[PDB]
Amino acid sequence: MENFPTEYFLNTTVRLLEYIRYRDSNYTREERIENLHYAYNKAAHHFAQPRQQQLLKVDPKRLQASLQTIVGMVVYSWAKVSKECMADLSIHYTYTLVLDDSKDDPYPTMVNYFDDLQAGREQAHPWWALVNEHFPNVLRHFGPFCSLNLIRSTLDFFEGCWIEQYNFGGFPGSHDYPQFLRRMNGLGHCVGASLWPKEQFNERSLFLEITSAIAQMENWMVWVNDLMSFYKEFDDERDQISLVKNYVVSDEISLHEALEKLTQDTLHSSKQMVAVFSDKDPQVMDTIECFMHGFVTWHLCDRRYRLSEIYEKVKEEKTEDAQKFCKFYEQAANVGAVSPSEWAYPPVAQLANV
């Protein structure tokens, strides 16, 4: 495990993309930018308000980068929802991403969680205070069922962050620990259920397909995120408790074996996704198919994952996979690779100062 498994990585990646039919969409670069700028503009103004500014403990530059990555993720994956929906989901997912910067023990602020909740008093933990206060803007876009899924997944997310403050990969032999923790901090049900705005879908008529998407998208989403993150986290000694690293510690297997597990689950997850929704309702298969492709595009385009480093390395190779990878990467860059100066302005800090 000295060096990075570039060959293995390339094969698994090209396979993943072939399985999901990664291809070109009717989502034009011009539309991309209208959305990116719309979501960013509404969010930046939100996070620039004094209340948000004083209760949300985050370094200004990290908040700026966090918002930009999230807006990119939302706009590129929730392609079929409205501009307002992308904006509101962008705010919510930025809140969640930001919570990972807190090192503060939740205990003291969670001692009266239920009582304050039941009584209607503002939560003690400032994050819950801002988040529950803003939640209605996100929930108005969905039916009661989908809404409940968003509420629960976020609640799970809070506990996940809590557990992670312990930097615990699991007890050797605790095979059920890794995936339990990945579901906690994954936001699977939040993501999967937020793909169905009531304005475009009927929660009740499409109940079976919506529940199914949630169940399948949960695992596909987090595993693809783990896979595409495997490169940036490979030599990062700061990142110590990923799904893959916990598989090593908990299951007592080699990092390679852990990676093997992730690839098999991801590929299988991919096959079944298609095999199940291809014949189902077309509007649904469309939302699903666009999420998978955009999600992948976002990973390939965002610098956070540094996948450009892999492209640049295998750029001129005659191996089959290396080439397939580069074509895919170029496909992505074409619609995805966009300068931040084109939408992400002005910085949140400039708006907060005003």
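Residues carry their position along the shown sequence, with the first being 1.
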If you average the Cα B factors in the entry, which is higher, 306-314 or 35-43?
-> 306-314
Averaging C-alpha B-factors over each stretch, which comes out higher, 83-91 or 266-274?
-> 266-274
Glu260: which third of its chain by C-alpha temperature factor?
-> highest
Would the CA B-factor of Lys324 place it in the lowest, middle or highest third of its chain?
-> highest
Select lowest, middle or highest to describe the third in which the CA B-factor of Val284 falls within its chain in this entry.
-> highest
Compare the C-alpha B factor of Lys245 with those of the other modelled residues in its chain, then answer lowest, middle or highest third.
-> middle
For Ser212, does the deposited CA B-factor place it in the lowest, middle or highest third of the chain?
-> middle
